[PDB]
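Encoded as C-alpha cells, the following chain is the form deposited in one PDB entry, with no partner shown.
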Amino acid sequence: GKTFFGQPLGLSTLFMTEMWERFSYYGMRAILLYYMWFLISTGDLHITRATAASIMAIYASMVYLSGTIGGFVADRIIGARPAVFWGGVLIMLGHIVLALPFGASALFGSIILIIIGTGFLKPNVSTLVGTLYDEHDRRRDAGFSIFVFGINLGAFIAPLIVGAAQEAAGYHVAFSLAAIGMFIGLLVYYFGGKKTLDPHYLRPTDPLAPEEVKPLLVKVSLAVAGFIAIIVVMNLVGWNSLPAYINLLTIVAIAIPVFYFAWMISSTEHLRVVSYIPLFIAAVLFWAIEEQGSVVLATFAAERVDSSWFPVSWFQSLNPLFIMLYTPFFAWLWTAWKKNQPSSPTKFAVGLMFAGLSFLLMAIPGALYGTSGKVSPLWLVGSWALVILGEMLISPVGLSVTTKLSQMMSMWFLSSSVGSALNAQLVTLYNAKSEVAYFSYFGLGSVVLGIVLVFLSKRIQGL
C-alpha cells in the first residue's frame, strides 16, 4: 500500500537524513575555500591560496578515508543507528565551530569533527537503507537509487542556499545554515527512525567477542603511536609546516591501498587482483579530476568567470545537478543496451576519457581569450557536463566490478580518497599563470590513460 516511491516507508527517513547531511557537507564545501581566501586576505590565516586549495583536497580525502572505517565501528562497537546519530551530532558541531566568532583557529577543530562525524554517518545510513529490505527483496536496487537521489538533491540545493546566505549575511551565518541543515537531518532521523528502523541496529550486529577487544586495542594503539612518532620526527628535522603535514596525510592516504595491493598480490585468481590495478588507477584519476571541481574549478569560477550577478559558489550545484539529469537516461541506456553492452573496464576507460575532456575543454577559454580576462559560465557548465558523464560510467559499476574480482571492497571507496590525496598535491600547481598548461596536461594525460585502458580492456574482461 503506502510506500515511498515503491519502497518501505523507512526510506523516507534515511533519504531526508542523508539529504540534509549532504546539504550540510556540500554547503560547507561550496564556501570553505573562499572562506580561507577571506581569512588569508585579512591576514588572519597565514597560508597561500595554493595551500588553501591543498587543504580542501586533503580534507575530502580524509572524509572519504574516515568513511571506510565508520562501518566497522558501528557494526562491531556502537551500532549503526547510534553511529548515524552521533556522527550527525559531530558533523553539526563541526559546522557550529565555523559559525562561532572565530577565524582561522577554528578551521582544524571543524575539519576534525566533520571528518569523524561523516566517517560515522556516511557508511551507516547506507547500511540502514539495506536493513529496510529482506534478502530476496527485488526493490533493493530501486531503493538505493532513490537514496542516491536524496544525496544528490542535498548536494544540489546546498550551494544555492548556503552560498546565497554567505553573500547576504557572511560566512558565519552561512556555516550556521550548514549546521542547521544537519540539525534538521538529526531531527528527522531521530524521531523518524524510532518508528521504522529495526531496533536490532541500536546495537552492533557483530559485537566484538571478548578475545577480540585487546587485539583491536593493540592495533589502534600501534597505529596512533606510529603516526604520532612520525609527527615527532617530522618536527625534529624541521618538516613541520602545514604543507608538510598535508604531504604526510597524502602519503598515508596513498600508502593504504598500495599496501593492500602488495598484500593481496603477494599473498590463482591472483591474476584478477592484478587486473584491478588499472581499474583502480583509472578510478583514482577520475576521482581526482571530479573532486577538483570544488577546488580548481571553484577557483576558476571565482577568478576567471563573469559571475557578477550570482554567487560563484553556486557552480558547485552543477555536479549533483548533472548526476540527477543524466541518471534516468543512463538507467534507460543500460537496460535498453541489450546487445554488445560495454564491459566495466571499457566504462572506466571511457569514463576517464570524459573526465579528461572536461579538463581539456577548460584549457580552451584561456588559450583562446587569454587568462587576464573573464569568460562565460558556460565553460564550467560544459566542464561539469563532461566529467559527470564520466561519473555515470564509472560510479554505478565501481563497487560492482571491484566485487566480481572485504579489503579490496573498501579500496573502491578508497579510490576517491586516493584521488583527493593526489589532488592535495596537484591543485597547488594551479594558478592564473599555469591555467592552460594545468588543464591541458592533466586533461590530455587522463584521455591518454583512458586510451591505454581501452587497449587493456579485453585482458581485464576475461579475468
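Basically, rigid core = biggest C-alpha set you can superpose within 1.5 Å across the two forms. Shifts are known only where both forms have a C-alpha. Numbers for residues come from their place in the sequence shown, where the first is 1.
There is also a form deposited in another entry; it is not shown, and the following applies to it.
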query: Candidates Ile394, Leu32, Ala60, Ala53 - which moves between this form and the one not shown, C-alpha at least 2 Å, core fixed; finding: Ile394
query: Rigid-core frame, C-alpha of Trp412, shift of 2 angstroms or more between this form and the one not shown; finding: yes
query: Stretches between this form and the one not shown where the CA atoms of at least 3 consecutive shared residues shift 2 Å or more, core fixed; finding: 136-138, 394-401, 406-413
